[PDB]
Structures are given as structure tokens and as C-alpha cells.
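A look at the structure
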Amino acid sequence: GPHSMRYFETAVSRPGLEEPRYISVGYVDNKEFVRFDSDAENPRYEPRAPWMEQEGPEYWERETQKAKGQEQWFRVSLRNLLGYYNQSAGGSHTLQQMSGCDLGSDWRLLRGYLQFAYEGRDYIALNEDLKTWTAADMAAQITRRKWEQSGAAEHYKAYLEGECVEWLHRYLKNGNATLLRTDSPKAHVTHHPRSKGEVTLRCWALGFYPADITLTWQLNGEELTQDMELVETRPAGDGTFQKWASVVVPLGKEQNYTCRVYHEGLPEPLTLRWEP
Amino acid sequence: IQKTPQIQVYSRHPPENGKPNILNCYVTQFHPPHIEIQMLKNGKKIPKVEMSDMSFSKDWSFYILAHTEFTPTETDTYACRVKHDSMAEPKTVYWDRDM
Amino acid sequence: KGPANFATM
């Protein structure tokens, strides 16, 4: 099964304040495992999933120092961004970073990731070759030229291919008691009265992990994009997710309708219909 | 540039009157990250509301899950009230037990 | 363990 690791970092300034706040969050296979936040009393990286209390005094200490180093890097960059965009002081601003590595089921590097955004928008990103940069904005060509001239790419390429891949392998052995596991959806259909002679069939999928899931309704073979009603997949808040798709139906005709649930955890898709 | 929060209000487990549950207010796709989420029972601020940390998705927009313990009765209404800079006024969305 | 950044913006 493939694997991954990410650090999502952010720095935010507001018009009141003297300094921005910097926050970092680490993820293994998309589950949060570490976090740092400059608003805290004692800013430190903290373990975020039972399996990270393993790392000793040295880990947390050394990662914390890196975090205070990122924070200054982010402070100086906001300041520079403000001038690149000719933004007068008096606004809120955001700079965000995503970094890390995807592994194949063989545990080999599949793809490195380095991307940045400023005010919510793509600012500069490391291309998949880990050699060249994409930066769209006129204002960003400055940064892209400083980074090319300074060999930045070859540095991040080293971290993406070496230290990143390595520490993920390590974190992968350390918690091999959860980190592969998928929870399959349990699905059911509920019956709701609606407009005269018409009811709502609402297919629920519940209890599943990871979040990616597809729900579909058919009228004897024909998929209903016609105005189906779904909700965005949502956290149950116990680590599992929920989704539902509903359709309006002729009253009585409610067995020409089947709900299918597609999910990676499943032996095969579920097939479902209202059952009174 | 501002992205307007999207809001779902929903219980953790299928709701049943008399049985304790958790009510969630999941607030997504917003920017900038500064935001205020209150949950409301019968039109009044609920006091012990849990609030997940700052996170952001791969499209770079932020999201937050606020939640609180509750026991549904057939008479009470619940709602999530969300104040954010992309909206002139606070946005309230009511809990629907069938959703 | 997370990147440590190089040249600033």
C-alpha cells in the first residue's frame, strides 16, 4: 500500500499585530502526527498521535529549533511579499507551504512535493522533476530568479529524496499497528416524505476511513447526475467520515432505485436499496 | 482574497431523543483563516464548545470542526453561527436531524 | 521531520 508524509506550514499577519503567528503541522498517511504553534506559552513541536511519544528528548528539542528557524524564514518572507505586491501596511496576509513525499507500495520514492501560496493563491512550486520552478505571478518572478540563482532546488531535492523519505520509513515502522488500516463504510437508506406523492431516498455511508468515497444512485442501470443531492464528505469527529446522497422518487416506485457505495476499504462496491 | 466559509451542522451518531450524542459544526473552504464559530441551542450561546486546531487543505483553504455534547429532544433547536470577514453579517445554519 | 527552508521569498 502506498504511503506519504506532509508538513503544512502557515504564517499569518493581522492589521492589529506586531508579529505574524506561525503554525506547522505534520502528517503521516494524512493523519496528523506533530504540530507547532507560536501562539503557545512554550512553543514546541508536540506529538499528536499516541505513536509519537516514542521520540526522545533530542527529537522534540531539535525539531523545535527548526520550527523557530522556519518562523523567522516566514516572517522575513511576508515582509518581502508585501513589497513585491506594493501592498500598503494595513491588511491581513497569509503565506503557506506544503512539503513532503509519496511512496509506492514498494516503499520507494514516487514523488516529491514543495509548494507555496501567498493570500490563498499559488505563488511558487517545485516541479515534479525537483529541478525547475513554476511561478505564475509577475511579482513572483523575483523569488523564482533568487531561488534559481541560489541552487534552492537542489537543496529541497536533497531533503525531499533523503531526510524526508528516511524519516517516513522510520515513522512507518514505529506505528505499524494502525497506519495501513482502512475502515469500510456501513451504508443504509432512510425514507423521508417530500412534495405531494414524492419522497426522498437518502443513502448514508458511515464509519469509513479514509475519506475518499463515491455514492451513486441508479434507475435500473442509469446513473443519476440529474439533480442528485449529496453533501461534502465530513468528519464524524471520532476519526471516521460520513457522506450521503439522496434522490426524489415517485411514491411506490421506490425499488427501481439502487444506491452504490465505492470505497477502497471494500471487498467490492456495495449495492443498496430502500428496505421497509 | 476572501473565500466564504461552507457550513454543515450534523450529529456524530444517528440522533435519538434522550440519548447523548455529539453535535458538529464543520466549517470549510474559507480564507483568510481568522474566523468565529459559536454553536447555539434555542437561540443562545452554548458554553463548552470544542474547537479543532487550524488546518488547511491541499487547495490551500482552511477548515475547522467545532463540536459539543448534547442530548436531542423533540423541542430544542440547534444552530451554528459563523462570523467571517468574507460575509457582511454572521451566518447561522440550523441543525436538520435528517441530514 | 520537516523541511528547513533555504533562500527567503
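Residue indices run from 1 on each chain, following the sequence as it is written; they may not match the entry's numbering, and residues absent from the coordinates are omitted. Starting at A for chains and at 1 for ligands, labels are handed out in the order in which the entities are written. The side-chain quantities take in all heavy atoms of the structure and omit both hydrogens and water.

Structure determination for this entry, per the PDB record, employed X-ray crystallography and reached 2.100 Å resolution.

**Points about the overall build of chain A**
Under the scheme used here, helices are H or I runs from DSSP no shorter than 4 residues and strands are E runs no shorter than 2 residues, and both carry numbers assigned from the N terminus. In terms of helices and strands, chain A carries 4 helices and 17 strands. Relative to the 2.2 N^0.38 estimate, which gives 19 Å for 276 residues, the radius of gyration of chain A is 24 Å and therefore markedly larger than a compact globule would have. Across its three principal directions, the C-alpha atoms of chain A cover 70 × 45 × 40 Å. In chain A, which comprises 276 residues, the proportion classed as buried is 48%. When contacts within chain A are restricted to residue pairs at least 6 apart in sequence, long-range pairs at least 24 apart make up 52% of them. The distance from the centre of the 32 positive side-chain charges to the centre of the 40 negative ones in chain A is 2 Å. For a compact globule the rule gives 2.2 Å times the number of residues to the power 0.38, and the radius of gyration it is set against comes from C-alpha atoms. Exposure classes here rest on a 1.4 Å probe applied to the protein chains alone. A residue is buried below 20% of its type maximum, exposed above 50%, and partly exposed in between. Note on contacts: a residue pair is in contact if any heavy atoms of the two residues lie within 4.5 Å. Counting rule applied: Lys, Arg positive; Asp, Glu negative; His and chain ends not counted. Each charge is placed at NZ for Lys, CZ for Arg, CG for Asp and CD for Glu.

**Quick word on the overall build of chain B**
Within chain B one finds 0 helices and 9 strands. Helices and strands appear in chain B in the N-to-C order β-β-β-β-β-β-β-β-β. Taking 2.2 N^0.38 as the reference for a compact globule, 99 residues should give roughly 13 Å; the C-alpha atoms of chain B span a radius of gyration of 14 Å, in line with that estimate. Counting only residues that meet the buried cut, chain B has 45% of its 99 residues in that class. In chain B, 60% of the contacts between residues at least 6 apart in sequence involve partners at least 24 apart.

**Describing the interface of chain A and chain B**
Residue-level contacts link 36 residues of chain A with 23 residues of chain B. By buried area we mean the combined loss of accessible area, with a 1.4 Å probe, across both parts when two parts are placed together. With both chains or domains summed, chain A and chain B bury close to 2,400 Å², and 55% of this area falls on carbon and sulfur atoms. Interface area lost by chain A to chain B is led by A:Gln96, A:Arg234 and A:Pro235, which between them contribute 19%. One speaks of a salt bridge when a side-chain nitrogen belonging to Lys or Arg is within 4 Å of a carboxyl oxygen belonging to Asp or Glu. For A:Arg48, the salt bridge identified is with B:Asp53, shortest N-O distance 3.2 Å. Two N or O atoms form a polar contact when they lie within 3.5 Å of each other; inside protein one atom must be a possible hydrogen donor and the other a possible acceptor, and for residues adjacent in sequence the pair counts only when both atoms belong to side chains. At the boundary of chain A with chain B, the tally comes to 15 residue pairs in polar contact. Looking at the side of chain A that touches chain B, the elements with two or more residues in it are β1 (3–13), β2 (21–28), β5 (93–103), β6 (109–118), β7 (121–126), β10 (198–208), β14 (234–235) and β15 (241–250) of chain A.

**Let's talk about the UniProt feature "disulfide bond" in chain B**
All names here are of chain B. In what follows, a disulfide is any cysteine sulfur pair within 2.5 Å. UniProt positions are given in the numbering used here, feature names are shortened, and annotations may be inferred rather than shown by experiment. Formation of the UniProt disulfide linking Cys-25 with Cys-80 is confirmed by an inter-sulfur distance of 2.0 Å, under the 2.5 Å limit. Of this pair, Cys-25 sits in strand β2 (residues 21–30) while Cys-80 sits in strand β8 (residues 78–84), and the two are 55 residues apart along the sequence. Residue class for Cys-80 comes out buried when judged on its relative accessible area of 0%.

**Here we look at helix α3 (residues 152–161) of chain A**
For α3(A), the complete set of buried residues consists of A:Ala152, A:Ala153, A:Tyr156, A:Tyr159 and A:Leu160. Across the axial projection of α3(A), the buried residues extend over an arc of 125°, all falling on one side. As used here, the arc is the angular range of directions from the helix axis to the C-beta atoms.

**Considering the interface of chain C and chain A**
Tallying the contact residues gives 9 residues for chain C and 32 residues for chain A. Overall, the association of chain C and chain A removes approximately 1,700 Å² of surface from exposure, summing both partners, and the carbon and sulfur fraction of that is 59%. When residues of chain C are sorted by the area they lose upon contact with chain A, C:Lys1, C:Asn5 and C:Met9 head the list and together hold 58% of the total. Where chain C meets chain A, there are 1 salt bridge. Salt-bridge contacts for C:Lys1 lead to A:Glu63; the nearest nitrogen and oxygen are separated by 3.0 Å.

**Side note on the sheet that holds strand β3 (residues 35–41) of chain B**
Taken together, 4 strands build an open sheet; the order of strands is β4-β3-β8-β9 (chain B) and the sheet is antiparallel. Bordering the open sheet on either side are β4 (44–45) and β9 (91–94) of chain B, each of which pairs with just one other strand. In short, DSSP must find at least two bridges between two strands for them to pair.

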